[PDB]
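Notes follow the structure.
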Amino acid sequence: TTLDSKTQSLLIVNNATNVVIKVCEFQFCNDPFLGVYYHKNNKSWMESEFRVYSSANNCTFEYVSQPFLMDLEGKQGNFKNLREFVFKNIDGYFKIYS
Amino acid sequence: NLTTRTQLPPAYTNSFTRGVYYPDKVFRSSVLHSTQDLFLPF
Amino acid sequence: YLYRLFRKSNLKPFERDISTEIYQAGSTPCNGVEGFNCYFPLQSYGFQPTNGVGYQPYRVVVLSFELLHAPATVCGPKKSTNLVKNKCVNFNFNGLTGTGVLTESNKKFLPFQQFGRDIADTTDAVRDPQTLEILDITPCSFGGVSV
Ligand SMILES: C=CC1=C(C)/C(=C/c2[nH]c(/C=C3N=C(/C=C4\NC(=O)C(C)=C4C=C)C(C)=C\3CCC(=O)O)c(CCC(=O)O)c2C)NC1=O
Ligand SMILES: *[C@@H]1O[C@H](CO)[C@@H](O[C@@H]2O[C@H](CO)[C@@H](O)[C@H](O)[C@H]2NC(C)=O)[C@H](O)[C@H]1NC(C)=O
Ligand SMILES: *[C@@H]1O[C@H](CO)[C@@H](O)[C@H](O)[C@H]1NC(C)=O
Ligand SMILES: *[C@@H]1O[C@H](CO)[C@@H](O)[C@H](O)[C@H]1NC(C)=O
Ligand SMILES: *[C@@H]1O[C@H](CO)[C@@H](O)[C@H](O)[C@H]1NC(C)=O
């Protein structure tokens, strides 16, 4: 609603290993992101920075699925895939269709 | 904070025949079912 | 044990609200602190052990569910039996109670689907709980009879 830790807030994030869903009183920064960082010793791109929220407290629901490895490297060319989702919020249920 | 920005007017696109989801969890075949719900207009 | 004394609007069903912003009873905002005409939205109950019946703490639980439309995971206390096939019984597939002969089928059920309904909206395809397989149902009082 306000996204300033005065009210609850849902947060869905794949951090390249798992998907985490947190409903927790985040105090967000103005420009959240994920920092992928590139290594020169090997041609491997990896996530390094997680600066979405400045805090997390007073919170009830939290889910983390199984781990998975995904190719977050820089792929050059056309978009080789499409992903569509629909989010609804009906009577206390947040429905995600994929 | 990130400041290397270049704002542009909001770009628009025509979305057509998109935003249809299975409205329930029941198997149903060879049926012209009709529903009323929150759907993305064509 | 606390309850939300003030909110600027009522809730929707099954919605939680753990906010603590000061509720501006008056028209003048008081910048989120306590004062006059703007009150703390939560109030604590007083549950003395020797206070009236209407003030005694009551424990409430609400079991909310939806019946016979999705793959069941919770089951009742009833012990299963062995189905009698090609003959009509008082079957019970994850709760439904009907009557009719059963038969095998080869329909391609999606994983999140567990029932299958025909044009008449009655059950024409079912998945057996213990054995993962797709079946179909027909009645047994069928066929016209002329005399
Ligand atoms: C962030 C939340 C998130 C959700 C809700 C999610 C759902 C999700 N993604 C899947 C596949 C997959 N999803 C992706 C990629 C993605 N799909 C996404 O929603 C996102 C954000 C990415 C990555 C940026 C890939 C690569 C696969 C499997 C291989 C493929 O489909 O190409 C599957 C099918 C799993 C299976 O049946 O084996 C689910 C349920 N994945 C997630 O990371
Ligand atoms: C959900 O959040 C929004 C805003 O965070 C609420 O909408 C506001 O409600 C207050 C009074 O309750 C009004 O003064 C504002 O004008 C409303 N703003 C908007 C954009 O609607 C909304 O009430 C909340 N939903 C519920 C059920 O309480
Ligand atoms: C990032 O993924 C790792 C490995 O699955 C997981 O342990 C961690 O919880 C995730 N990050 C956060 C903030 O949860
Ligand atoms: C909310 O967080 C603050 C600080 O952690 C704490 O004082 C307060 O008790 C918390 N309220 C709830 C309902 O958790
Ligand atoms: C800069 O960062 C601080 C805290 O991270 C934040 O309060 C402020 O809004 C940010 N300003 C801009 C222009 O991003």
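Following the order of the structure tokens, chains are lettered A, B, ..., residues in each are numbered from 1, and ligands are numbered from 1.
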Strand (DSSP E) positions in segment 11-135 of chain C, given as a list in words: residues 42, 43, 44, 92, 93, 96, 97, 102, 103, 104, 115, 116, 117, 123, 124, 125, 126, 127, 134 and 135 of chain C
Once you count only C-alpha atoms and all ligand atoms, what closest atom pair and distance in Å to one decimal does each residue of chain A within 10 Å of ligand 1 have, with rows by chain and rising residue number, as a Markdown table?
```
| residue | atom | partner | partner_atom_place_in_ligand_line | distance |
| --- | --- | --- | --- | --- |
| A:11 | CA | ligand 1 | 1 (C) | 9.5 |
| A:12 | CA | ligand 1 | 1 (C) | 5.8 |
| A:13 | CA | ligand 1 | 1 (C) | 4.8 |
| A:14 | CA | ligand 1 | 1 (C) | 4.2 |
| A:15 | CA | ligand 1 | 43 (O) | 7.9 |
| A:16 | CA | ligand 1 | 43 (O) | 7.6 |
| A:17 | CA | ligand 1 | 43 (O) | 8.7 |
| A:18 | CA | ligand 1 | 43 (O) | 7.1 |
| A:19 | CA | ligand 1 | 43 (O) | 5.3 |
| A:20 | CA | ligand 1 | 2 (C) | 7.5 |
| A:21 | CA | ligand 1 | 2 (C) | 8.1 |
| A:65 | CA | ligand 1 | 41 (N) | 9.4 |
| A:68 | CA | ligand 1 | 43 (O) | 9.2 |
| A:69 | CA | ligand 1 | 26 (C) | 9.1 |
| A:70 | CA | ligand 1 | 26 (C) | 6.4 |
| A:71 | CA | ligand 1 | 26 (C) | 7.7 |
| A:72 | CA | ligand 1 | 24 (C) | 8.1 |
| A:80 | CA | ligand 1 | 32 (O) | 9.1 |
| A:81 | CA | ligand 1 | 32 (O) | 7.3 |
| A:82 | CA | ligand 1 | 17 (N) | 9.2 |
| A:83 | CA | ligand 1 | 17 (N) | 6.7 |
| A:84 | CA | ligand 1 | 19 (O) | 8.2 |
| A:85 | CA | ligand 1 | 19 (O) | 7.8 |
| A:96 | CA | ligand 1 | 5 (C) | 7.7 |
| A:97 | CA | ligand 1 | 5 (C) | 8.9 |
| A:98 | CA | ligand 1 | 7 (C) | 7.3 |
```
Take the selection from the previous step and output its residues with C-alpha atoms, as a compact mmCIF listing (two decimals), in the first residue's frame.
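The new file selection.txt reads:
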```
# COMPACT_ATOMS: atom_id res chain seq x y z
CA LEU A 11 7.90 -9.47 -1.86
CA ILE A 12 8.59 -12.19 -4.44
CA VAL A 13 12.25 -12.68 -5.40
CA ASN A 14 14.25 -15.27 -7.30
CA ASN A 15 17.85 -14.78 -6.15
CA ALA A 16 19.19 -17.22 -8.81
CA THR A 17 19.15 -20.12 -6.28
CA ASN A 18 15.65 -20.25 -4.76
CA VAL A 19 12.42 -18.26 -4.94
CA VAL A 20 11.62 -16.50 -1.66
CA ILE A 21 8.21 -15.02 -0.86
CA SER A 65 11.07 -23.51 -2.50
CA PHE A 68 17.79 -24.49 -8.47
CA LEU A 69 20.68 -23.29 -10.64
CA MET A 70 19.85 -20.96 -13.53
CA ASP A 71 21.88 -19.39 -16.34
CA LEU A 72 21.99 -15.70 -15.40
CA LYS A 80 14.28 -16.72 -26.69
CA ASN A 81 11.39 -17.02 -24.20
CA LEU A 82 8.25 -15.29 -22.94
CA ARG A 83 6.84 -15.45 -19.42
CA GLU A 84 3.31 -14.27 -18.60
CA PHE A 85 1.82 -13.96 -15.12
CA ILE A 96 -0.68 -15.99 -9.18
CA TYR A 97 -1.40 -17.59 -12.57
CA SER A 98 1.62 -18.42 -14.74
```
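Counting only C-alpha atoms and comparing C:9, C:38, C:2, C:120, the residue that lies closest to residue 26 of chain C is C:38.
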All residues 8 Å or closer to residue 22 of chain C, only C-alpha atoms, same chain fewer than 5 positions away omitted, as a PyMOL selection string: chain C and resi 32-34+38-41
Who sits within 9 Å of segment 62-73 of chain C, only C-alpha atoms, same chain under 5 positions skipped, as a PyMOL selection string: (chain B and resi 24-26) or (chain C and resi 94-96+111-115+129)
Output as a PDB file with C-alpha atoms, in the first residue's frame the set of chain B residues within 10 Å of chain C, with distances taken over only C-alpha atoms.
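Result file part03.pdb:
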```
ATOM      1  CA  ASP B  24     -11.179 -23.315 -11.933  1.00  0.00           C
ATOM      2  CA  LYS B  25      -9.447 -26.651 -11.264  1.00  0.00           C
ATOM      3  CA  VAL B  26     -11.939 -28.983 -12.983  1.00  0.00           C
ATOM      4  CA  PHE B  27     -11.210 -31.018 -16.101  1.00  0.00           C
ATOM      5  CA  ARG B  28     -13.580 -29.985 -18.888  1.00  0.00           C
ATOM      6  CA  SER B  29     -13.400 -30.999 -22.555  1.00  0.00           C
ATOM      7  CA  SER B  30     -15.412 -30.134 -25.677  1.00  0.00           C
ATOM      8  CA  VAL B  31     -17.339 -27.390 -23.862  1.00  0.00           C
ATOM      9  CA  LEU B  32     -17.989 -23.737 -24.734  1.00  0.00           C
ATOM     10  CA  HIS B  33     -17.880 -22.594 -21.124  1.00  0.00           C
TER      11      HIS B  33
END
```
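Of the residues under consideration (C:91, C:14, C:58, C:45), C:14 shows the shortest atom-to-atom contact distance to chain A when counting only C-alpha atoms.
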At most 9 Å from ligand 2 (only C-alpha atoms and all ligand atoms): residue list as a list in words: residues 1, 2 and 7 of chain A; 7, 8, 9, 10, 11, 12, 13, 15 and 17 of chain C
For chain A versus ligand 5, which residues have an atom no more than 9 Å away, and what is each residue's nearest atom pair and distance in Å rounded to one decimal, using only C-alpha atoms and all ligand atoms, chain-then-number order, as a Markdown table?
```
| residue | atom | partner | partner_atom_place_in_ligand_line | distance |
| --- | --- | --- | --- | --- |
| A:28 | CA | ligand 5 | 5 (O) | 8.8 |
| A:29 | CA | ligand 5 | 5 (O) | 5.5 |
| A:30 | CA | ligand 5 | 9 (O) | 5.3 |
| A:31 | CA | ligand 5 | 14 (O) | 6.4 |
| A:54 | CA | ligand 5 | 5 (O) | 8.5 |
```
